[PDB]
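A short worksheet on the structure shown next.
Numbers and lists here come from the model and the stated rules, or from a named source; these are not laboratory values. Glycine gets a Cβ as well: all are built from the backbone with ideal geometry, and neighbour counts include every protein chain shown.
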Ligand code: HEM
Ligand code: HEM
Ligand SMILES: [Cl-]
Ligand SMILES: [Cl-]
Ligand code: NA
Ligand code: NA
């Protein structure tokens, strides 16, 4: 059946804003996963998982009699799709079980691993999500094999449909770079927001870049992709060598024996895929990656044998039985155990990407330190493994259960505890009046609070106004944030705050984070009064102020808005049209299309544009909260044309006289062009809409202000 | 950006079940359009619409000074997409304003029509939907030009995103028949559910079949497509000749001057399309269809001139200025007015498809009767126009406002008014006990009520249990309904009913329609007791019994389930796979995926399959309401394979012994294969889920029982 996407393949896709409705969710509207998880007997689940590790099923026999390596791979792939550019991917929604991730070539046979966990999932039911279970099982694997983990937090609620993630534009699985949809340009520059080298891989190609088995060049790809997943050199070496302490690869025969991935398989496969015609199709005959490597002499026990082997042998290039490039130790004895035949042993083997850890000079230094000091290795791997598997969980307030590590880590963007009484509703009213008496304008107030709160992204739950990081580096100097104007606003608010806090008894105080958001609330209320409407904007106190020392400036960089259609801002020229960037930002803010539309139209007339630009400011009462954006946009008395100077800026002229009335960008005018967005603009541009527009605007403003408030959740 | 649909283009699409969520809807959850409409000043709207008719705008000047013809075409096309096969299409959701219908070639320049209505829509706001406005406007056009309409009902609520309708598989607009995705096979057999001859047309091609100008062969396509839109020969000739009493076609120059349709146009077009480079691009120079025909000597006034011209001249084939085939009156004088130049007149002209009304022998007789008896023509057109524009509105209880016709029409599937006291809760309990004491089984009770209620489709709001049409022709003889079994159940229930009604005072009685549903509810309660659960199933009385004479047997045929996955039924072998048919039926029932899943799994164990088939009956306690379907389907101890006799039936065997445990169809096993369905099945197949399963089953059962109950809305 032909679809709208077929006829108009470049039209903007709004469905991404309307996923995850209560319609697709089987749990009641009142289901709260945190409350369910908090009563789980986590120790009981862990004992069942520990038993499972050595209870082989004949439909997917356990290598070495132990499924630990397979489950560690499973958990690492759950977490390993994460990209810092947009926060998308990661383990936090259990998306490995839906398309496309369930059927990526790098996730082959993890379908088997998830099916092994069904009995445990079935037993505990809604009290443990799949998303938490996948990570918990990797921790139990590690513990069962002698490795002490850093801890574990539950709280990843399950989702019920595929997420809409851009994984690349290639139309062929695993396509090598340089094709018509190449994700590389220039001198091997990987396009943002991607964090893998080929479509369907987690990070890199285990044979080497585009299959070329050069460990030095592979290391460049490892470094780049791991940095795009928030991991530095030490973490990367710790993770790779730690993972490949355990288990083995599978490549017993040619890959052409392997059948359809799960999404393509027949209905009788019951959700499994990659059925293999090679010998038994499983166990000793398994084919997963096509490589046939076993790294250590004790694949089911933590050890420091990965680095003993990497450094204690010289390595020769060889081929697996499927034809893939891999490496074998020169002159070695057969010291590595076979996975099924206790009378067979093998020589040590490595991947090209393992050898990167020795042949890249910066990795080599770290790897040597870890080989000489395996306790340093164990600590680094435990911390990295926790970070990897928790990186998208958000604020520490979301972490549940009895195994949460007490140590606060810088990468968590931590927020200090509040240890004093909070302001009450009368205090809030007193503060709003003091803010408005200061001479700060509606535009300044709304622009500052928007700048602070709109860094939030629901993909990894980073950002938001909690912390008052807008006053710190690097946020205070982002161009979208208008650094000089911002500094002036913050100075005036800090004086208000000092004066209010100086006059209190009993230890009551207000944080700057709270006062920024409250001051924005005062601006919106003043704008509504300017329009003739008395409204109260809700406000919830309890934010705290983070220090510079608790703020990792380099990790904060990915939160910089380079496109923010809500402020009519674009830092430079991109290949993706600005309206598509707007919808992407709306998705990160967790907004529906109605919410996006009201929010944008209100922000335009409040003065929120960067640089006081007049684009989309379709009103003659700026700083009054009215629906004028929509009424003027939809007025058929105005004709619009792209300017000769800039095709992305439009002039609105009176159709009868030619007189210039307005200017706008693509982000402004999409609301009058896209058939779904224009239907929404019509509701708000109608003669009966003024009250509705104000109420809906207040409600989406308060939603945005509260996005990171998991302390209240 | 590669999507799951690109990778697995035949996987099943569940998003169709989760459209129209509260997320994409700008109106509050509590918005009730009926209540808004009932306060509209409809008279005021009609005055404004009458004013609009001759208020020409320079960006799309009015032909003859009067927009009436354009607006009639607008309303006829709004309604004209309707198909009786599935009830999809029609005017009832205002979908002409969204993709793809906003950009179909047949709807060219109706964008202008809708834009002319923006000021009225803006002025009245939420109190008149677009969907109602489009129809009201056509009515006012007719009244303005001297035709008295049969009436009008409001109550078409607006929708907010494109609907998921199968319009065909062609990848080229207007593709002629016989291509790789032809909608025709055999002897010009149009594929169900389609009701148009080419992709992007409303019914037929005005030049003739695949562009061949043969009025006799065109008539065959007219007849078949109009029948697929619920119209017989009389209605068809009335509608065509009535419409083509008014206005004109547009084809002043070659079609190559016409630019991008609305969804393809640039953002500066602000939702309009088909911009033309031919002369002024508009008015006298307009190009819409490419034909240049004006049918009558007074195109802005009702007349009897259509049939005087059709019969009064002989016709010659000619070409418009765009090259299209059309017909001109041999030897006529220039009697037809020009739309813009008072000094030009034209000869009478006709489309191929107009000539069909004279040259097809069955239409000729009707056309002649109408030419000789113009009052019969007028009355037929008025009634057909009402039917056309109200066909998808559902029961008369949905019809709102002061212009609703009092006459009950057969095509509305009318339900008699209830004029007696209803049964109360004590009476319901007494009747449920009588039903359970009669010896009717769980399976018979559930199957009968499901058969009755599941005819409902939310596309056109036809069917459902109200009316007790399951006891009449043709429902009583449908194979899916198990006629012999059904007859036995109905006889027992009618004897219960007769006995209960015989014992009452005060006029209280129970209808058979209510008793069938209540008997179903007793079955579900008995099934829950059989499982050890104490459950009450909600029941709302108030259904009435329709007569055979109130039930048009041929119109009822399209409600026959030829595929009903909920009863594991398929009437024969189709090209569309059965799990796609299941999702389609779920959409018609208005079910979400979780609701579809719970419903099916419960019905399987209750004995609702047609013919007592064991397929999908994954329980050892049939007729008990348990989650066994899910627990057994997901048991990895069972291996599934297609049978050698039939690739659409699967055998489930114990993995270790090979012993046969179950059989199932594609509809059964999809729940264990599709990654989203299987995530839902897991919830209900968990150890903590038995009570949740039961309570969710009851809720969805009740939902289905009440789908047609707009008397309670
Ligand atoms: C450069 C990065 C990495 C590359 C290219 C890579 C490559 C692979 C490949 C090709 C396999 C074999 C799949 C099979 O045939 O079954 C695999 C297995 C495995 N990897 Fe990695 N790996 C990477 C990093 C990681 C990390 C970070 C971890 C965990 C911390 C991990 C843990 C594992 C484990 C445990 C297995 C064994 C699975 C089993 O026993 O079934 N790897 N790796
Ligand atoms: C066999 C069925 C029909 C065919 C092939 C057909 C074809 C068309 C064509 C090609 C146009 C010209 C569009 C343009 O160039 O502007 C048109 C115009 C029109 N049709 Fe039909 N028609 C059909 C049935 C209907 C029916 C059922 C109605 C209404 C009851 C209707 C009412 C109109 C009116 C009022 C116009 C004039 C539009 C204007 O004045 O702008 N037609 N028709
Ligand atoms: Cl994601
Ligand atoms: Cl529809
Ligand atoms: Na994420
Ligand atoms: Na419909």
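Checked against the criterion of being over 30 Å from residue A:158 (Cβ atoms), within 16 Å of ligand 1 (Cβ to nearest atom) and part of a loop (DSSP other than H, G, I, E, B), the candidates A:378, A:362, A:339 yield just one match: A:339.
Can you tell me which residues in region B:181-208 are within 12 Å of chain A (Cβ to nearest Cβ) and either surrounded by fewer than 15 Cβ atoms within 10 Å (Cβ to Cβ) or touching a strand residue (DSSP E or B) at 6+ places or on another chain (Cβ under 8 Å) (or both)? Result: B:181, B:183, B:191. Figure legend. Inter-residue proximity from region B:90-101: first residues at the interface with another protein chain (Cβ under 10 Å from one of its Cβ atoms), second residues assigned to a loop (DSSP other than H, G, I, E, B), beta-carbon distance below 6 Å, spacing 6+ or different chains. Indicated pairs: B:94/B:158; B:98/B:162; B:99/B:162.
Of note, residue B:211 satisfies the criterion of being within 15 Å of ligand 2 (Cβ to nearest atom) and assigned by CATH to the domain that holds residue B:316. Inside region B:1-14, residues that are at the interface with another protein chain (Cβ under 7 Å from one of its Cβ atoms) and touching a residue at least 12 places away in the same chain (Cβ under 8 Å) make up a count of 1. Scanning region A:386-402 for residues that are over 17 Å from residue A:134 (Cβ atoms), assigned to a loop (DSSP other than H, G, I, E, B) and either within 14 Å of chain B (Cβ to nearest Cβ) or more than 16 Å from ligand 3 (Cβ to nearest atom) (or both) yields A:395, A:402.
When B:53, B:27 are checked against the criterion of being under 30 Å from residue B:108 (Cβ atoms) and more than 16 Å from ligand 4 (Cβ to nearest atom), a single residue qualifies: B:53. Confirm whether residue B:109 is away from ligand 5 (no atom under 16 Å from the Cβ), over 24 Å from the mean Cα position of the chain (by Cα) and outside the structural domain of residue B:224 (by CATH). So residue B:109 passes the test. Here residue A:463 meets the list (1) over 30 Å from residue A:94 (Cα atoms); (2) in contact with a strand residue (DSSP E or B) (Cβ under 6 Å, 6 or more places away or on another chain); (3) surrounded by 23 or more Cβ atoms within 10 Å (Cβ to Cβ) almost entirely, failing just condition (1).
Residues in region B:264-280 that are within 14 Å of another protein chain (Cβ to nearest Cβ) and either within 12 Å of residue B:108 (Cα to Cα) or without any contact (Cβ under 8 Å) to a residue 12 or more places away in the chain (or both): B:265, B:266, B:267, B:268, B:269, B:270, B:272, B:273, B:275. Scanning region A:151-158 for any residue that is within 16 Å of ligand 5 (Cβ to nearest atom), within 11 Å of chain B (Cβ to nearest Cβ) and crowded, with 21+ Cβ neighbours inside 10 Å turns up at least one such residue.
When residues in region B:265-290 are screened for being under 20 Å from residue B:66 (Cα atoms), within 32 Å of the chain's Cα centre (by Cα) and either in a loop (DSSP other than H, G, I, E, B) or within 16 Å of ligand 3 (Cβ to nearest atom) (or both), 2 of them pass.
Based on what the data block shows, is residue B:695 assigned to a helix (DSSP H, G or I), on the phi < 0 side of the Ramachandran plot and touching a helix residue (DSSP H, G or I) at 6+ places or on another chain (Cβ under 8 Å)? No, not satisfied. The number of residues in region B:561-592 that are touching a helix residue (DSSP H, G or I) at 6+ places or on another chain (Cβ under 6 Å) and within 14 Å of chain A (Cβ to nearest Cβ) comes to 7.
Within this structure, residue B:134 fails the test of being touching a residue at least 12 places away in the same chain (Cβ under 8 Å) and more than 27 Å from residue B:170 (Cβ to Cβ).
Of all residues in region A:15-32, those satisfying the criterion of being facing another protein chain (nearest Cβ under 8 Å) and free of Cβ contacts under 8 Å to residues at least 24 places away in the same chain are A:21, A:22, A:23.
Checked against (1) over 25 Å from the mean Cα position of the chain (by Cα); (2) surrounded by fewer than 19 Cβ atoms within 10 Å (Cβ to Cβ); (3) under 30 Å from residue B:228 (Cβ atoms), residue B:486 passes all but a single condition, namely (2). The set of residues in region B:698-713 that are part of a helix (DSSP H, G or I) and within 22 Å of the chain's Cα centre (by Cα) comprises B:703, B:704, B:705. Of the residues making up region A:643-672, those that are within 36 Å of the chain's Cα centre (by Cα) and farther than 30 Å from residue A:692 by Cβ are A:646, A:647, A:648, A:649. Take the residues of region B:610-662 that are over 20 Å from residue A:122 (Cβ atoms) and assigned to a helix (DSSP H, G or I): which is farthest from the other protein chains (Cβ to nearest Cβ)? Within region B:610-662, the match that is farthest from the other protein chains (Cβ to nearest Cβ) is B:612.
Specify the residue that is surrounded by the fewest Cβ atoms within 10 Å (Cβ to Cβ); the eligible residues are those in region A:663-685 that are assigned to a loop (DSSP other than H, G, I, E, B) and within 7 Å of another protein chain (Cβ to nearest Cβ). If you could, list the steps in order and put the result at the bottom.
Initial filter on region A:663-685 (assigned to a loop (DSSP other than H, G, I, E, B)): A:673-674, A:685.
With within 7 Å of another protein chain (Cβ to nearest Cβ) added as a condition, the list becomes A:673, A:685.
Numbers: A:673: 24, A:685: 26.
Per the stated criteria, the residue is A:673.
Name the residue that is farthest from residue B:40 (Cα to Cα), counting only residues in region B:399-427 that are touching a residue at least 60 places away in the same chain (Cβ under 8 Å) and crowded, with 19+ Cβ neighbours inside 10 Å. For region B:399-427, the residue satisfying everything is B:423. Taking the listed residues A:489, A:446, the one that is more than 19 Å from residue A:704 (Cα to Cα), part of a helix (DSSP H, G or I) and either in the same structural domain as residue A:553 (by CATH) or in contact with a helix residue (DSSP H, G or I) (Cβ under 9 Å, 6 or more places away or on another chain) (or both) is A:489, with no other qualifying. For region A:60-89, the candidate set comprises residues that are touching a helix residue (DSSP H, G or I) at 6+ places or on another chain (Cβ under 6 Å) and within 14 Å of chain B (Cβ to nearest Cβ); within that set, the residue that is nearest to ligand 5 (Cβ to nearest atom) is A:60.
Residue B:518 falls short on exactly one of the conditions (1) in contact (Cβ under 8 Å) with a residue 60 or more places away in the chain; (2) closer than 23 Å to residue B:613 by Cα; (3) assigned to a helix (DSSP H, G or I), and that condition is (2). Tell me, yes or no, whether region A:128-135 has at least one residue that is part of a loop (DSSP other than H, G, I, E, B), within 13 Å of chain B (Cβ to nearest Cβ) and either over 22 Å from the mean Cα position of the chain (by Cα) or farther than 30 Å from residue B:2 by Cα (or both). Yes, some residue in region A:128-135 is part of a loop (DSSP other than H, G, I, E, B), within 13 Å of chain B (Cβ to nearest Cβ) and either over 22 Å from the mean Cα position of the chain (by Cα) or farther than 30 Å from residue B:2 by Cα (or both).
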